[PDB]
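S.K.: Just one file: my_file_18.pdb, with PDB, C-alpha atoms and all ligand atoms.
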```
ATOM      1  CA  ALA A   1       7.099  20.178 -12.857
ATOM      2  CA  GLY A   2       8.776  20.642  -9.484
ATOM      3  CA  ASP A   3      12.433  21.300  -8.660
ATOM      4  CA  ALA A   4      13.543  18.603  -6.209
ATOM      5  CA  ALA A   5      16.669  20.582  -5.274
ATOM      6  CA  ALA A   6      14.586  23.652  -4.405
ATOM      7  CA  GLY A   7      12.051  21.479  -2.588
ATOM      8  CA  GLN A   8      14.535  20.170  -0.016
ATOM      9  CA  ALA A   9      14.794  23.501   1.841
ATOM     10  CA  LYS A  10      11.069  24.185   1.448
ATOM     11  CA  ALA A  11      10.396  20.771   2.989
ATOM     12  CA  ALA A  12      12.356  21.535   6.178
ATOM     13  CA  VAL A  13       9.227  22.482   8.127
ATOM     14  CA  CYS A  14       7.694  19.116   7.138
ATOM     15  CA  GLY A  15      10.547  17.048   8.609
ATOM     16  CA  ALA A  16       9.438  17.554  12.214
ATOM     17  CA  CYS A  17       6.686  14.969  11.601
ATOM     18  CA  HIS A  18       7.469  13.292   8.284
ATOM     19  CA  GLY A  19      11.245  12.968   8.681
ATOM     20  CA  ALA A  20      14.048  15.055   7.195
ATOM     21  CA  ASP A  21      13.970  12.901   4.040
ATOM     22  CA  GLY A  22      10.296  11.935   4.310
ATOM     23  CA  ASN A  23      11.026   8.717   6.231
ATOM     24  CA  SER A  24       9.081   9.413   9.400
ATOM     25  CA  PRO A  25      10.309   7.635  12.540
ATOM     26  CA  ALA A  26       6.915   7.680  14.310
ATOM     27  CA  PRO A  27       4.178   5.348  12.977
ATOM     28  CA  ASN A  28       1.365   7.907  13.289
ATOM     29  CA  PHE A  29       2.884  10.124  10.590
ATOM     30  CA  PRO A  30       3.071   8.674   7.072
ATOM     31  CA  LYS A  31       6.331   8.299   5.222
ATOM     32  CA  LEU A  32       6.431  10.654   2.229
ATOM     33  CA  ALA A  33       9.782   9.493   0.807
ATOM     34  CA  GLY A  34       9.497   7.715  -2.533
ATOM     35  CA  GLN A  35       5.805   8.517  -2.927
ATOM     36  CA  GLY A  36       4.635   9.388  -6.433
ATOM     37  CA  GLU A  37       4.993  13.086  -7.185
ATOM     38  CA  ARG A  38       1.472  13.353  -8.623
ATOM     39  CA  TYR A  39      -0.116  11.559  -5.665
ATOM     40  CA  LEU A  40       1.821  13.725  -3.206
ATOM     41  CA  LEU A  41       0.801  16.909  -4.994
ATOM     42  CA  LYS A  42      -2.887  15.903  -5.102
ATOM     43  CA  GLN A  43      -2.907  15.099  -1.369
ATOM     44  CA  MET A  44      -1.245  18.459  -0.602
ATOM     45  CA  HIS A  45      -3.992  20.300  -2.501
ATOM     46  CA  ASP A  46      -6.699  18.170  -0.856
ATOM     47  CA  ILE A  47      -5.278  18.915   2.598
ATOM     48  CA  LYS A  48      -4.784  22.610   1.802
ATOM     49  CA  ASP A  49      -8.369  23.151   0.643
ATOM     50  CA  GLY A  50     -10.034  20.739   3.096
ATOM     51  CA  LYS A  51     -11.002  17.856   0.780
ATOM     52  CA  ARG A  52      -8.922  15.797   3.210
ATOM     53  CA  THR A  53      -8.805  17.140   6.743
ATOM     54  CA  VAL A  54      -5.478  16.862   8.578
ATOM     55  CA  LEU A  55      -5.898  18.994  11.684
ATOM     56  CA  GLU A  56      -2.277  18.353  12.695
ATOM     57  CA  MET A  57      -1.241  20.295   9.571
ATOM     58  CA  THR A  58      -3.576  23.298  10.039
ATOM     59  CA  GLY A  59      -1.902  26.371   8.563
ATOM     60  CA  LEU A  60       1.205  24.654   7.189
ATOM     61  CA  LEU A  61       0.245  24.669   3.498
ATOM     62  CA  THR A  62      -1.699  27.954   3.522
ATOM     63  CA  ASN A  63       1.116  30.167   2.204
ATOM     64  CA  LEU A  64       2.871  27.710  -0.113
ATOM     65  CA  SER A  65       2.509  28.537  -3.794
ATOM     66  CA  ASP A  66       1.579  25.871  -6.302
ATOM     67  CA  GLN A  67       5.223  25.960  -7.394
ATOM     68  CA  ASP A  68       6.364  25.524  -3.772
ATOM     69  CA  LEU A  69       4.115  22.460  -3.476
ATOM     70  CA  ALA A  70       5.427  21.018  -6.734
ATOM     71  CA  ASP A  71       9.022  21.464  -5.558
ATOM     72  CA  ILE A  72       8.281  19.788  -2.216
ATOM     73  CA  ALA A  73       6.447  16.915  -3.908
ATOM     74  CA  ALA A  74       9.393  16.535  -6.276
ATOM     75  CA  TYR A  75      11.801  16.486  -3.352
ATOM     76  CA  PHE A  76       9.978  13.701  -1.503
ATOM     77  CA  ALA A  77       9.398  11.738  -4.721
ATOM     78  CA  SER A  78      13.175  11.780  -5.261
ATOM     79  CA  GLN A  79      13.773   9.984  -1.940
ATOM     80  CA  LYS A  80      13.215   6.285  -1.237
ATOM     81  CA  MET A  81      10.734   4.891   1.271
ATOM     82  CA  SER A  82      12.384   2.862   4.010
ATOM     83  CA  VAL A  83      11.094  -0.684   4.605
ATOM     84  CA  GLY A  84      10.026  -2.141   7.953
ATOM     85  CA  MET A  85       9.159  -5.658   9.142
ATOM     86  CA  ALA A  86       5.840  -7.478   9.068
ATOM     87  CA  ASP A  87       4.442  -9.333  12.073
ATOM     88  CA  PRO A  88       5.030 -13.076  11.434
ATOM     89  CA  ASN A  89       1.620 -13.895  12.976
ATOM     90  CA  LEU A  90      -0.212 -11.677  10.441
ATOM     91  CA  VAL A  91       1.973 -11.606   7.327
ATOM     92  CA  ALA A  92       0.554 -14.689   5.539
ATOM     93  CA  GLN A  93      -3.054 -13.500   5.778
ATOM     94  CA  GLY A  94      -1.977  -9.989   4.807
ATOM     95  CA  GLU A  95       0.114 -11.050   1.817
ATOM     96  CA  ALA A  96      -2.583 -13.462   0.584
ATOM     97  CA  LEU A  97      -5.129 -10.619   0.595
ATOM     98  CA  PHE A  98      -2.674  -8.169  -0.977
ATOM     99  CA  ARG A  99      -1.737 -10.454  -3.882
ATOM    100  CA  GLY A 100      -4.985 -12.416  -4.238
ATOM    101  CA  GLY A 101      -7.767 -10.122  -3.092
ATOM    102  CA  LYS A 102     -11.078 -11.611  -1.965
ATOM    103  CA  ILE A 103     -12.257 -13.233  -5.181
ATOM    104  CA  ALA A 104     -15.435 -14.602  -3.590
ATOM    105  CA  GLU A 105     -16.647 -11.125  -2.567
ATOM    106  CA  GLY A 106     -15.579  -9.346  -5.753
ATOM    107  CA  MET A 107     -12.688  -7.513  -4.091
ATOM    108  CA  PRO A 108      -9.721  -7.142  -6.466
ATOM    109  CA  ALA A 109      -6.175  -7.723  -5.312
ATOM    110  CA  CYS A 110      -4.207  -4.680  -4.211
ATOM    111  CA  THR A 111      -1.423  -5.487  -6.706
ATOM    112  CA  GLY A 112      -3.664  -4.394  -9.585
ATOM    113  CA  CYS A 113      -3.266  -0.696  -8.757
ATOM    114  CA  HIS A 114      -0.502  -0.501  -6.117
ATOM    115  CA  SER A 115       2.217  -2.298  -8.186
ATOM    116  CA  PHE A 116      -1.273   5.070  -7.741
ATOM    117  CA  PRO A 117       0.472   5.788  -4.435
ATOM    118  CA  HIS A 118       3.444   3.808  -3.171
ATOM    119  CA  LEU A 119       2.583   1.556  -0.222
ATOM    120  CA  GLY A 120       5.549  -0.746   0.460
ATOM    121  CA  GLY A 121       7.346   0.175   3.679
ATOM    122  CA  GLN A 122       4.605   2.524   4.923
ATOM    123  CA  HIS A 123       3.916   2.392   8.679
ATOM    124  CA  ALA A 124       1.310  -0.256   9.499
ATOM    125  CA  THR A 125      -0.418   2.083  11.958
ATOM    126  CA  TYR A 126      -0.894   4.682   9.222
ATOM    127  CA  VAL A 127      -2.074   2.196   6.562
ATOM    128  CA  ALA A 128      -4.593   0.651   8.944
ATOM    129  CA  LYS A 129      -5.980   4.107   9.732
ATOM    130  CA  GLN A 130      -6.402   4.887   6.019
ATOM    131  CA  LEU A 131      -8.111   1.567   5.235
ATOM    132  CA  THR A 132     -10.422   2.079   8.218
ATOM    133  CA  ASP A 133     -11.148   5.699   7.257
ATOM    134  CA  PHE A 134     -11.877   4.624   3.674
ATOM    135  CA  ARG A 135     -14.235   1.914   4.936
ATOM    136  CA  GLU A 136     -16.043   4.255   7.331
ATOM    137  CA  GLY A 137     -16.273   7.027   4.738
ATOM    138  CA  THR A 138     -14.224   9.473   6.796
ATOM    139  CA  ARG A 139     -11.633   9.732   3.998
ATOM    140  CA  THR A 140     -13.442  10.594   0.760
ATOM    141  CA  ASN A 141     -10.830  12.152  -1.567
ATOM    142  CA  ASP A 142     -10.711   9.051  -3.817
ATOM    143  CA  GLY A 143     -12.590  10.647  -6.731
ATOM    144  CA  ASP A 144     -16.190  10.307  -7.895
ATOM    145  CA  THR A 145     -15.706   6.525  -8.191
ATOM    146  CA  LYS A 146     -14.942   6.004  -4.471
ATOM    147  CA  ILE A 147     -12.787   2.992  -5.378
ATOM    148  CA  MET A 148     -10.899   2.757  -2.109
ATOM    149  CA  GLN A 149     -14.083   3.230  -0.076
ATOM    150  CA  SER A 150     -15.716   0.371  -1.988
ATOM    151  CA  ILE A 151     -12.618  -1.829  -1.678
ATOM    152  CA  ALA A 152     -12.147  -1.193   2.051
ATOM    153  CA  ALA A 153     -15.850  -1.971   2.590
ATOM    154  CA  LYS A 154     -14.931  -5.643   2.061
ATOM    155  CA  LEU A 155     -12.170  -5.742   4.711
ATOM    156  CA  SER A 156     -12.707  -6.860   8.296
ATOM    157  CA  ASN A 157     -10.703  -5.357  11.140
ATOM    158  CA  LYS A 158      -8.526  -8.475  11.180
ATOM    159  CA  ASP A 159      -8.004  -8.134   7.409
ATOM    160  CA  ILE A 160      -6.938  -4.498   7.802
ATOM    161  CA  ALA A 161      -4.461  -5.338  10.584
ATOM    162  CA  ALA A 162      -2.916  -8.188   8.554
ATOM    163  CA  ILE A 163      -2.682  -6.306   5.245
ATOM    164  CA  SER A 164      -1.232  -3.292   7.057
ATOM    165  CA  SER A 165       1.430  -5.428   8.722
ATOM    166  CA  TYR A 166       2.368  -7.043   5.383
ATOM    167  CA  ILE A 167       2.627  -3.688   3.599
ATOM    168  CA  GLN A 168       4.987  -2.404   6.310
ATOM    169  CA  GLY A 169       7.529  -5.073   5.321
ATOM    170  CA  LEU A 170       6.918  -4.993   1.566
ATOM    171  CA  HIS A 171       9.880  -4.399  -0.783
TER     172      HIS A 171
HETATM  173  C1  LIG B   1       2.884  17.121  12.274
HETATM  174  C2  LIG B   1       2.706  18.243  13.050
HETATM  175  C3  LIG B   1       3.003  17.370  10.712
HETATM  176  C4  LIG B   1       3.737  18.255  10.014
HETATM  177  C5  LIG B   1       4.715  19.357  10.463
HETATM  178  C6  LIG B   1       3.447  18.006   8.592
HETATM  179  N1  LIG B   1       2.547  16.980   8.484
HETATM  180 FE1  LIG B   1       1.847  16.166   6.787
HETATM  181  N2  LIG B   1       0.772  14.851   7.841
HETATM  182  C7  LIG B   1       0.686  14.765   9.222
HETATM  183  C8  LIG B   1      -0.215  13.694   9.570
HETATM  184  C9  LIG B   1      -0.573  13.281  11.024
HETATM  185  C10 LIG B   1      -0.661  13.133   8.454
HETATM  186  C11 LIG B   1      -1.634  11.946   8.309
HETATM  187  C12 LIG B   1      -3.105  12.156   8.649
HETATM  188  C13 LIG B   1      -3.980  10.932   8.485
HETATM  189  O1  LIG B   1      -4.529  10.745   7.372
HETATM  190  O2  LIG B   1      -3.792  10.047   9.367
HETATM  191  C14 LIG B   1      -0.057  13.844   7.346
HETATM  192  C15 LIG B   1      -0.254  13.546   6.012
HETATM  193  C16 LIG B   1       0.390  14.178   4.968
HETATM  194  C17 LIG B   1       0.228  13.846   3.563
HETATM  195  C18 LIG B   1      -0.632  12.662   3.073
HETATM  196  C19 LIG B   1       0.349  11.475   2.840
HETATM  197  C20 LIG B   1      -0.260  10.221   2.202
HETATM  198  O3  LIG B   1       0.433   9.176   2.273
HETATM  199  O4  LIG B   1      -1.441  10.283   1.794
HETATM  200  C21 LIG B   1       0.988  14.695   2.863
HETATM  201  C22 LIG B   1       1.209  14.801   1.334
HETATM  202  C23 LIG B   1       1.614  15.590   3.805
HETATM  203  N3  LIG B   1       1.231  15.258   5.092
HETATM  204  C24 LIG B   1       2.442  16.621   3.453
HETATM  205  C25 LIG B   1       3.055  17.479   4.332
HETATM  206  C26 LIG B   1       3.927  18.546   3.959
HETATM  207  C27 LIG B   1       4.258  18.880   2.491
HETATM  208  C28 LIG B   1       4.345  19.136   5.099
HETATM  209  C29 LIG B   1       5.329  20.346   5.244
HETATM  210  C30 LIG B   1       4.838  21.561   4.701
HETATM  211  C31 LIG B   1       3.749  18.443   6.198
HETATM  212  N4  LIG B   1       2.951  17.421   5.710
HETATM  213  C32 LIG B   1       3.974  18.736   7.535
HETATM  214  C33 LIG B   1       1.381  15.570  10.099
HETATM  215  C34 LIG B   1       2.268  16.566   9.781
HETATM  216  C1  LIG B   2      -7.451   0.346  -8.145
HETATM  217  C2  LIG B   2      -8.755   0.102  -8.477
HETATM  218  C3  LIG B   2      -7.092   0.098  -6.622
HETATM  219  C4  LIG B   2      -7.156  -1.067  -5.958
HETATM  220  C5  LIG B   2      -7.595  -2.473  -6.427
HETATM  221  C6  LIG B   2      -6.706  -0.767  -4.596
HETATM  222  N1  LIG B   2      -6.388   0.569  -4.475
HETATM  223 FE1  LIG B   2      -5.691   1.511  -2.836
HETATM  224  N2  LIG B   2      -5.743   3.267  -3.800
HETATM  225  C7  LIG B   2      -6.073   3.446  -5.130
HETATM  226  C8  LIG B   2      -6.003   4.852  -5.431
HETATM  227  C9  LIG B   2      -6.323   5.376  -6.852
HETATM  228  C10 LIG B   2      -5.642   5.509  -4.327
HETATM  229  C11 LIG B   2      -5.432   7.025  -4.118
HETATM  230  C12 LIG B   2      -6.599   7.809  -3.514
HETATM  231  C13 LIG B   2      -6.376   9.291  -3.267
HETATM  232  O1  LIG B   2      -6.674   9.767  -2.135
HETATM  233  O2  LIG B   2      -6.080   9.964  -4.298
HETATM  234  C14 LIG B   2      -5.464   4.511  -3.274
HETATM  235  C15 LIG B   2      -5.081   4.764  -1.973
HETATM  236  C16 LIG B   2      -4.745   3.796  -1.043
HETATM  237  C17 LIG B   2      -4.164   4.014   0.277
HETATM  238  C18 LIG B   2      -3.799   5.405   0.848
HETATM  239  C19 LIG B   2      -2.285   5.659   0.661
HETATM  240  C20 LIG B   2      -1.717   6.853   1.422
HETATM  241  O3  LIG B   2      -0.480   7.062   1.268
HETATM  242  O4  LIG B   2      -2.485   7.343   2.281
HETATM  243  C21 LIG B   2      -4.012   2.804   0.850
HETATM  244  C22 LIG B   2      -3.449   2.400   2.233
HETATM  245  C23 LIG B   2      -4.486   1.816  -0.083
HETATM  246  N3  LIG B   2      -4.924   2.443  -1.230
HETATM  247  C24 LIG B   2      -4.494   0.465   0.158
HETATM  248  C25 LIG B   2      -5.062  -0.488  -0.650
HETATM  249  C26 LIG B   2      -5.183  -1.891  -0.348
HETATM  250  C27 LIG B   2      -4.686  -2.496   0.988
HETATM  251  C28 LIG B   2      -5.798  -2.477  -1.399
HETATM  252  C29 LIG B   2      -6.176  -3.995  -1.578
HETATM  253  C30 LIG B   2      -7.055  -4.468  -0.575
HETATM  254  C31 LIG B   2      -6.051  -1.460  -2.374
HETATM  255  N4  LIG B   2      -5.593  -0.247  -1.897
HETATM  256  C32 LIG B   2      -6.650  -1.703  -3.593
HETATM  257  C33 LIG B   2      -6.406   2.449  -6.020
HETATM  258  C34 LIG B   2      -6.609   1.120  -5.732
END
```
Can the structure in the file be given as structure tokens, please?
Ligand code: HEC
Ligand code: HEC
M.R.:
Amino acid sequence: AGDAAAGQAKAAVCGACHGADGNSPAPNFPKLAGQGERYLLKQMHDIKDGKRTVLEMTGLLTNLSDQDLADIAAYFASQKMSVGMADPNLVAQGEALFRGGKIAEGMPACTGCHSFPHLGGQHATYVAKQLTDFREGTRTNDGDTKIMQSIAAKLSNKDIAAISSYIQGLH
């Protein structure tokens, strides 16, 4: 159990890339605001011990205690993710995939598990990178099941671009 109030100051070093409140202004860096505390904490441990490699964060988590990480996670989880706009040329394809999946190819809809990390409002650039990394097996911290890797295997590049654009505007 983290202390959100204590996490705010401990999160100051993170704001340079993720935003003071976790709402990053630049699309390369993911928004952390409003993300689930348990998801955030798991990603922090995965990044810290190398199960998920984020070279841009090398050395930042090294000296944070497990309590420090829980406080920071609690702080970001207490914020609210800001919501962007979808591209009108892509949003229909992206929303149809998000709500309906690809029934023909046995791909479940995203709404089954993602309303679990929060997705709605996340930068499209960041989401597309994660879906592509999942598909290519470069991100592998999705458990022994490899659910996201198996799901992203069914998405084309056009699918990923459209779903990512839809998610960016989702609220
Ligand atoms: C830029 C120099 C960063 C600073 C300072 C911090 N983070 Fe970071 N973080 C950065 C990038 C480029 C990425 C994404 C890499 C990729 O997969 O494309 C991240 C990612 C995270 C995550 C994962 C978020 C998710 O949605 O899965 C977390 C939990 C995270 N970062 C936490 C975190 C904390 C706690 C920081 C302060 C100590 C911090 N980051 C600083 C870049 C940068
Ligand atoms: C349940 C079986 C899921 C379905 C169906 C989909 N996703 Fe998923 N996703 C799931 C989990 C359990 C996780 C967390 C993995 C971890 O590293 O612990 C994820 C993760 C994502 C992410 C990364 C989020 C982040 O902040 O980096 C994205 C972008 C994502 N999932 C997207 C996504 C889409 C577009 C889906 C439908 C096509 C979808 N997921 C299905 C669980 C499940």
S.K.: Figure out the distance between atom CA of residue 156 of chain A and atom CA of residue 34 of chain A, please, to one decimal in Å.
M.R.: 28.7 Å
S.K.: May I ask you to write as a PyMOL selection string all residues lying at most 8 Å from ligand LIG 2 (chain B), with all atoms listed in the file counted?
M.R.: chain A and resi 30-32+35+39+42-43+97-98+101+107-114+116-119+122+126-128+130-131+139-143+147-148+151-152+155+160+163-164+167
S.K.: Residue 135 of chain A: which residues within 6 Å, counting only C-alpha atoms, same-chain residues fewer than 3 positions away excluded, as a ChimeraX atom specification?
M.R.: /A:132,149,152-153
S.K.: Determine, using all atoms listed in the file, which residues of chain A have any atom at most 7 Å from an atom of ligand LIG 1 (chain B), and tabulate each with its shortest atom pair and distance in Å to one decimal place, rows ordered by chain and then rising number, as a tab-separated table.
M.R.:
```
residue	atom	partner	partner_atom	distance
A:11	CA	B:LIG1	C29	5.6
A:13	CA	B:LIG1	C29	5.3
A:14	CA	B:LIG1	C29	3.3
A:15	CA	B:LIG1	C5	6.5
A:16	CA	B:LIG1	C5	5.4
A:17	CA	B:LIG1	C1	4.4
A:18	CA	B:LIG1	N1	6.2
A:28	CA	B:LIG1	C9	6.1
A:29	CA	B:LIG1	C9	4.7
A:30	CA	B:LIG1	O3	5.5
A:31	CA	B:LIG1	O3	6.7
A:32	CA	B:LIG1	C19	6.2
A:40	CA	B:LIG1	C22	4.7
A:41	CA	B:LIG1	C22	6.7
A:43	CA	B:LIG1	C22	4.9
A:44	CA	B:LIG1	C22	4.8
A:54	CA	B:LIG1	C12	5.3
A:56	CA	B:LIG1	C2	5.0
A:57	CA	B:LIG1	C34	5.1
A:60	CA	B:LIG1	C30	5.4
A:61	CA	B:LIG1	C30	5.7
A:69	CA	B:LIG1	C27	7.0
A:72	CA	B:LIG1	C27	6.3
A:126	CA	B:LIG1	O2	6.1
A:129	CA	B:LIG1	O2	6.3
A:130	CA	B:LIG1	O1	6.3
```
S.K.: Decode the PyMOL selection byres (((chain A and resi 2) around 7) and not hetatm) for the given file into explicit residues and return them as a ChimeraX atom specification.
M.R.: /A:1,3-4,67,70-71,74
